[PDB]
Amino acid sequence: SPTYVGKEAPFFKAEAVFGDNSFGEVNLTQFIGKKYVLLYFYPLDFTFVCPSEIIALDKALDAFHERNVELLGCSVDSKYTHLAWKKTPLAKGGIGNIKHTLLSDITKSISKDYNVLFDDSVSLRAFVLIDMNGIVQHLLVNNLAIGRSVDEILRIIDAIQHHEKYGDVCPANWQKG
């Protein structure tokens, strides 16, 4: 019943499409003690709204690698729909050959466990940062095609990674605003 923020992240095992367009599986436990995980959710593939979030995030993949972050995208669509969305060029409504992994939440189980499923149908637009000990440090959930700059995401990870070492930092001139 209570939030998983600040507690161990709900376990997931999911079929996935990798950068090389091969199929496989991804479970959360494979990253514990090794990588930070930025798990993001989005409603559907092949929509009339531009997948600017997926495309921009993949353009910044080296920034996530620098920060030891595994970027994982996730929707309720099948692995076959994700693969097809990749094999569809941008000018024909696709996302192209993105190098990060896309997870298929075909049973909707992952969206339910993360509290991001809307109307027992599709996930909401959401970002979940999981640290190397498997604890959730940050959760963002949006309803309306909002939408988040990649620069903001990298700054949050930086602020969290620095907080893990140095704790709370009182800002200079905080009394102004």
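Quick note: we count residues from 1 along the sequence shown, nothing fancier.
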Q: Taking the mean of the C-alpha B-factors per stretch from the entry, tell me the winner out of 22-30 and 35-43.
A: 22-30
Q) So 134-142 or 51-59, which one's hotter by mean CA B-factor in the entry? A) 51-59
Q.
Among the modelled residues of this chain, does the Cα B factor of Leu102 put it in the lowest, middle or highest third?
A. lowest
Q) Comparing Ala84 with the other modelled residues of its chain, is its CA B-factor in the lowest, middle or highest third? A) middle
(Q) Is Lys13 in the lowest, middle or highest third of its chain when residues are ranked by C-alpha B-factor? (A) highest
Q) Would the CA B-factor of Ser123 place it in the lowest, middle or highest third of its chain? A) lowest
Q: Give the position of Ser109 by CA B-factor within its chain, expressed as the lowest, middle or highest third.
A: middle
